[PDB]
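As provided, query_25.txt (compact mmCIF, C-alpha atoms) reads as follows.
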# COMPACT_ATOMS: atom_id res chain seq x y z
CA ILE A 1 112.38 100.23 102.13
CA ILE A 2 110.08 102.91 103.57
CA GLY A 3 108.10 101.44 106.48
CA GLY A 4 107.77 97.65 106.60
CA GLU A 5 109.92 95.55 108.89
CA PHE A 6 113.47 94.44 109.53
CA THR A 7 114.20 90.91 108.43
CA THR A 8 117.08 88.46 107.97
CA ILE A 9 118.25 86.51 104.94
CA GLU A 10 116.43 83.30 106.03
CA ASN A 11 113.24 85.13 105.01
CA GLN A 12 114.50 85.96 101.51
CA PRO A 13 117.39 83.54 100.85
CA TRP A 14 117.62 84.34 97.12
CA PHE A 15 118.47 87.97 97.93
CA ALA A 16 121.80 89.09 96.51
CA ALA A 17 123.72 92.10 97.81
CA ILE A 18 125.76 93.79 95.07
CA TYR A 19 128.69 96.12 95.81
CA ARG A 20 131.22 98.07 93.72
CA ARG A 21 134.92 98.47 94.47
CA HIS A 22 136.24 101.95 93.75
CA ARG A 23 139.59 103.16 92.49
CA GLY A 24 141.39 103.56 95.81
CA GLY A 25 139.97 100.38 97.34
CA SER A 26 136.72 101.57 98.97
CA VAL A 27 133.59 99.45 98.50
CA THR A 28 130.04 100.83 98.27
CA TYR A 29 126.63 99.19 98.00
CA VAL A 30 125.05 99.33 94.54
CA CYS A 31 121.83 97.36 94.32
CA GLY A 32 119.97 94.21 95.19
CA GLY A 33 119.50 91.13 93.03
CA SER A 34 117.89 87.67 93.09
CA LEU A 35 119.53 84.25 92.73
CA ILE A 36 117.65 82.40 89.97
CA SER A 37 120.13 79.54 89.56
CA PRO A 38 123.37 78.53 91.30
CA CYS A 39 125.47 80.64 88.87
CA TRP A 40 123.05 83.46 88.02
CA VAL A 41 121.81 86.60 89.75
CA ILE A 42 119.16 88.81 88.16
CA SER A 43 119.06 92.57 88.77
CA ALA A 44 118.41 95.93 87.01
CA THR A 45 120.50 97.35 84.14
CA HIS A 46 120.32 100.91 85.53
CA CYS A 47 122.40 99.77 88.52
CA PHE A 48 125.36 99.08 86.23
CA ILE A 49 124.98 101.18 83.07
CA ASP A 50 127.41 103.92 84.15
CA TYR A 51 130.06 101.37 85.23
CA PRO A 52 129.52 98.28 83.02
CA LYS A 53 132.90 96.68 83.84
CA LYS A 54 132.38 93.27 85.50
CA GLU A 55 135.65 93.48 87.48
CA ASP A 56 134.29 96.39 89.58
CA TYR A 57 131.65 94.28 91.35
CA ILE A 58 131.29 92.00 94.36
CA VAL A 59 128.18 89.87 95.03
CA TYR A 60 127.20 88.39 98.39
CA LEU A 61 124.64 85.69 99.09
CA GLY A 62 123.35 84.78 102.57
CA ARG A 63 123.92 88.30 103.86
CA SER A 64 121.55 89.94 106.37
CA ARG A 65 123.61 93.05 107.13
CA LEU A 66 125.00 95.77 104.86
CA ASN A 67 128.46 96.33 106.36
CA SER A 68 129.19 93.32 108.54
CA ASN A 69 129.55 89.63 107.85
CA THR A 70 126.66 87.23 108.32
CA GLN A 71 127.60 83.72 109.41
CA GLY A 72 127.45 81.38 106.41
CA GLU A 73 127.59 84.10 103.75
CA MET A 74 129.32 83.53 100.41
CA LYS A 75 131.30 86.12 98.41
CA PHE A 76 131.53 86.10 94.59
CA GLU A 77 133.22 87.85 91.71
CA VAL A 78 131.19 88.71 88.62
CA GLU A 79 132.28 86.44 85.77
CA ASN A 80 129.95 88.15 83.27
CA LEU A 81 127.79 91.27 83.49
CA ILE A 82 124.97 91.13 80.94
CA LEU A 83 122.87 94.26 80.38
CA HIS A 84 119.74 94.44 78.23
CA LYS A 85 120.60 95.83 74.78
CA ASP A 86 117.29 97.73 74.53
CA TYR A 87 117.70 99.61 77.80
CA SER A 88 116.59 103.25 77.62
CA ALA A 89 116.28 106.08 80.12
CA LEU A 92 113.59 108.18 84.95
CA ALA A 93 111.21 105.64 83.58
CA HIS A 94 113.72 102.99 82.41
CA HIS A 95 112.72 100.59 79.64
CA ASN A 96 113.99 96.99 79.67
CA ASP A 97 115.55 97.46 83.09
CA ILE A 98 116.94 93.97 83.57
CA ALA A 99 120.44 92.55 83.97
CA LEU A 100 122.19 89.25 84.60
CA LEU A 101 125.28 88.59 86.68
CA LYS A 102 127.10 85.29 86.35
CA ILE A 103 128.74 84.70 89.71
CA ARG A 104 131.94 82.81 90.51
CA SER A 105 133.90 82.58 93.78
CA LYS A 106 137.70 83.04 94.02
CA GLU A 107 137.75 79.22 94.27
CA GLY A 108 135.83 79.00 90.98
CA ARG A 109 132.46 77.83 92.33
CA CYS A 110 128.84 79.01 92.06
CA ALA A 111 126.21 79.28 94.83
CA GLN A 112 125.86 76.34 97.22
CA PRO A 113 122.31 76.10 98.64
CA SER A 114 121.94 76.24 102.42
CA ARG A 115 119.58 77.56 105.09
CA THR A 116 120.49 81.12 104.03
CA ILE A 117 121.09 80.62 100.29
CA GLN A 118 118.32 79.41 97.94
CA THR A 119 117.07 80.11 94.40
CA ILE A 120 113.79 81.73 93.45
CA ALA A 121 111.54 80.34 90.73
CA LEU A 122 110.77 82.32 87.60
CA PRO A 123 107.10 82.88 86.60
CA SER A 124 105.34 81.20 83.70
CA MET A 125 105.30 83.38 80.59
CA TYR A 126 102.86 86.31 80.61
CA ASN A 127 101.42 84.90 83.85
CA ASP A 128 101.06 87.51 86.59
CA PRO A 129 98.84 87.77 89.70
CA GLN A 130 95.69 89.89 89.38
CA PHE A 131 95.74 93.54 90.47
CA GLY A 132 95.16 93.98 94.18
CA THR A 133 97.38 90.97 94.98
CA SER A 134 99.78 91.48 97.89
CA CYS A 135 103.47 91.00 97.12
CA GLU A 136 106.68 91.43 99.06
CA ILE A 137 109.74 93.58 98.34
CA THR A 138 113.16 93.26 99.99
CA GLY A 139 116.27 95.43 100.19
CA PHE A 140 118.87 97.59 101.93
CA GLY A 141 117.45 100.81 100.46
CA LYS A 142 116.70 104.05 102.32
CA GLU A 143 114.16 104.01 105.17
CA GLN A 144 113.24 107.61 104.51
CA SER A 145 113.43 109.69 101.38
CA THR A 146 115.48 112.32 103.26
CA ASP A 147 117.92 109.81 104.81
CA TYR A 148 121.61 110.02 104.05
CA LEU A 149 122.49 106.48 105.18
CA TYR A 150 121.22 103.05 104.21
CA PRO A 151 119.92 100.75 106.98
CA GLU A 152 122.40 98.28 108.30
CA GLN A 153 119.86 95.49 108.48
CA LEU A 154 117.81 93.98 105.64
CA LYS A 155 114.17 95.09 105.35
CA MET A 156 111.01 93.88 103.69
CA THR A 157 107.50 95.17 103.15
CA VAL A 158 104.26 94.36 101.39
CA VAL A 159 102.75 96.32 98.51
CA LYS A 160 99.74 95.64 96.29
CA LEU A 161 99.76 95.28 92.51
CA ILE A 162 98.21 98.16 90.55
CA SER A 163 96.57 97.64 87.14
CA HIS A 164 98.26 99.07 84.03
CA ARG A 165 94.97 100.92 83.50
CA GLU A 166 95.30 102.68 86.88
CA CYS A 167 99.06 103.35 86.53
CA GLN A 168 98.58 104.85 83.04
CA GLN A 169 96.35 107.66 84.39
CA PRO A 170 97.85 111.14 83.96
CA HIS A 171 97.81 111.76 87.74
CA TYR A 172 99.76 108.54 88.24
CA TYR A 173 102.52 108.00 85.62
CA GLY A 174 100.85 108.39 82.20
CA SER A 175 102.87 107.16 79.20
CA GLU A 176 105.98 106.52 81.34
CA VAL A 177 104.68 103.05 82.30
CA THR A 178 104.52 100.28 79.67
CA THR A 179 103.05 96.76 79.60
CA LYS A 180 106.55 95.37 80.33
CA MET A 181 106.35 97.14 83.70
CA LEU A 182 104.32 96.52 86.86
CA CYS A 183 103.24 99.15 89.38
CA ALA A 184 102.83 98.32 93.08
CA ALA A 185 102.03 100.44 96.15
CA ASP A 186 100.47 100.63 99.60
CA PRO A 187 96.80 101.74 99.74
CA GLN A 188 97.78 104.50 102.22
CA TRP A 189 101.07 105.21 100.36
CA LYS A 190 102.81 104.61 103.70
CA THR A 191 105.27 101.88 102.63
CA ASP A 192 107.38 101.52 99.46
CA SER A 193 110.74 100.66 97.95
CA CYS A 194 113.24 103.52 97.83
CA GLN A 195 116.72 104.51 96.67
CA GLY A 196 119.08 101.52 96.99
CA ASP A 197 116.29 98.94 96.67
CA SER A 198 116.69 98.85 92.88
CA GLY A 199 117.45 95.44 91.36
CA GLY A 200 115.79 93.64 94.27
CA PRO A 201 112.91 91.12 94.21
CA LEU A 202 109.18 91.70 94.03
CA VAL A 203 107.79 88.31 95.04
CA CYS A 204 104.22 87.08 94.77
CA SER A 205 102.65 83.70 95.42
CA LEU A 206 101.51 82.56 91.97
CA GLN A 207 99.31 79.46 92.31
CA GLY A 208 100.85 78.30 95.61
CA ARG A 209 104.52 78.84 94.70
CA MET A 210 106.77 81.84 95.46
CA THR A 211 107.72 83.48 92.19
CA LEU A 212 109.95 86.38 91.04
CA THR A 213 107.22 88.63 89.66
CA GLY A 214 109.21 91.85 89.42
CA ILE A 215 112.54 93.64 89.77
CA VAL A 216 112.70 97.04 91.54
CA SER A 217 113.26 99.56 88.73
CA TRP A 218 112.06 103.16 89.26
CA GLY A 219 109.61 105.61 90.78
CA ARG A 220 109.10 109.27 91.48
CA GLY A 221 110.12 109.74 95.07
CA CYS A 222 109.18 107.10 97.65
CA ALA A 223 105.89 106.44 99.46
CA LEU A 224 104.24 109.41 97.72
CA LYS A 225 100.53 109.60 96.88
CA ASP A 226 99.78 108.63 93.27
CA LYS A 227 103.42 107.67 92.63
CA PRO A 228 103.77 103.90 92.92
CA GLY A 229 106.94 101.83 92.66
CA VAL A 230 107.64 100.51 89.19
CA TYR A 231 109.02 97.04 88.59
CA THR A 232 110.35 95.20 85.56
CA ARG A 233 107.74 92.59 84.63
CA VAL A 234 109.80 89.36 84.74
CA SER A 235 107.15 87.20 83.01
CA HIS A 236 107.65 89.29 79.85
CA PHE A 237 111.43 88.58 79.68
CA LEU A 238 111.63 84.79 79.87
CA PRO A 239 113.18 84.29 76.41
CA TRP A 240 115.81 86.96 77.16
CA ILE A 241 116.63 85.28 80.50
CA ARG A 242 116.66 81.80 78.90
CA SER A 243 119.13 82.69 76.15
CA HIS A 244 121.47 84.86 78.21
CA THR A 245 121.84 82.35 81.08
CA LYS A 246 123.62 80.10 78.59
CA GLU A 247 126.47 82.64 78.43
CA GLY B 6 116.28 115.42 93.69
CA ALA B 7 116.27 112.73 91.00
CA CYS B 8 119.61 111.36 92.29
CA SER B 9 117.77 110.28 95.46
CA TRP B 10 115.20 108.19 93.54
CA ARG B 11 114.99 104.56 92.43
CA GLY B 12 116.47 104.45 88.93
CA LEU B 13 119.65 106.48 89.48
CA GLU B 14 121.77 104.31 91.81
CA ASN B 15 125.47 104.01 90.88
CA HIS B 16 125.27 106.91 88.40
CA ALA B 17 128.08 109.27 87.34
CA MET B 18 126.00 112.41 87.62
CA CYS B 19 124.92 111.35 91.16

How does this structure look as structure tokens?
Amino acid sequence: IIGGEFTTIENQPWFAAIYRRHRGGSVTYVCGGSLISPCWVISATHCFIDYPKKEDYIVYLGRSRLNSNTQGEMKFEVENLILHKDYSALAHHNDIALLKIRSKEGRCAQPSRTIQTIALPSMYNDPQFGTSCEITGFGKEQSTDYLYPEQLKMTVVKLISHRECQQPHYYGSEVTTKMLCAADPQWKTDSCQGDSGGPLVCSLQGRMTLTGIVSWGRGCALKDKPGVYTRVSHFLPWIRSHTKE
Amino acid sequence: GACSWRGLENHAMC
């Protein structure tokens, strides 16, 4: 997250931190995700496409820090890694993935002060352009940074119309109706590398809702180059069927 | 480069 503010998991308790174990034993951060039911985390396909083996991954819930334990956190193996069959690839189409989570003890997520689910939107129901939404992740704080922040961050961006995002000087044909663009009016805050898979959350008629999933963008916090998010309200049947797997 | 952008995390070429 470029700009914005440091936060803790109490302020985004559906946030899932996803890591990959390497040959040799080392573990690295991959992407964010969102807990949508006790056994299911939703994320982005692009995070996993090069290493689609479920055994490689570790998922944490209730975690506020990248490389240290947070009191009350839970650790999970990935029981099933489901990628969207129509994925294509910088402007990724159908960039959505599901992770079924199971602990070494064979259990799913147990809700607590630091672990909660996020509601899915109603079908084809999105907030109007100009609406403020929040994004959360452990991604870079500056485009030129080598390291990820150690502490979770969040910021606020505003929804951009498909009409505006389709302009040549924005993204042109790269952005489809199954995607949502969001940015800061001064381009001063944005998601960045390592924020992929994480939640874009808007209040849709009073309730917090998973509007989008961090997917792609050209650079970070650059003029005329918004963040692009998978439009969750356009994938409800896909989510519905695959969460029975 | 592209390997430093959203969309290319956990990629073989990066």

Which residues of region 100-156 of chain A sit at most 12 Å from region 7-18 of chain B, using all atoms listed in the file? Give each one's shortest atom pair and distance in Å (one decimal place), in chain and ascending residue order, as JSON lines.
{"residue": "A:141", "atom": "CA", "partner": "B:11", "partner_atom": "CA", "distance": 9.2}
{"residue": "A:142", "atom": "CA", "partner": "B:9", "partner_atom": "CA", "distance": 9.3}
{"residue": "A:144", "atom": "CA", "partner": "B:9", "partner_atom": "CA", "distance": 10.5}
{"residue": "A:145", "atom": "CA", "partner": "B:9", "partner_atom": "CA", "distance": 7.4}
{"residue": "A:146", "atom": "CA", "partner": "B:9", "partner_atom": "CA", "distance": 8.4}
{"residue": "A:147", "atom": "CA", "partner": "B:9", "partner_atom": "CA", "distance": 9.4}
{"residue": "A:148", "atom": "CA", "partner": "B:9", "partner_atom": "CA", "distance": 9.4}
{"residue": "A:149", "atom": "CA", "partner": "B:9", "partner_atom": "CA", "distance": 11.5}
{"residue": "A:150", "atom": "CA", "partner": "B:9", "partner_atom": "CA", "distance": 11.9}

- [ ] Have a look at CA of residue 38 (chain A) and CA of residue 72 (chain A) and let me know their distance in Å, one decimal.
- [x] 15.9 Å

TODO: Check every residue of chain A for an atom within 7 Å of chain B, counting all atoms listed in the file, and provide those that qualify as a list in words.
DONE: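 The answer, sorted by residue number, is residues 30, 46, 47, 48, 50, 92, 194, 195, 196, 198, 217, 218, 219, 220 and 221 of chain A.
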
Open item on the list: What's the separation between CA of residue 59 (chain A) and CA of residue 16 (chain A), in Å to one decimal place?
Closed with: 6.6 Å

- [ ] Rounded to one decimal place, report the CA of residue 55 (chain A)-CA of residue 110 (chain A) distance in Å.
- [x]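 Rounded to one decimal, the two atoms are 16.6 Å apart.
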
TODO: Show me as a count of residues only the residues that reach within 7 Å of (105.3, 94.7, 88.4), counting all atoms listed in the file and using the file's own coordinates.
DONE: 11

Open item on the list: Around the point (128.6, 79.4, 93.9) (coordinates from the file), which residues reach within 9 Å if we count all atoms listed in the file? Answer as a PyMOL selection string.
Closed with: chain A and resi 38-39+74-76+103-105+108-113
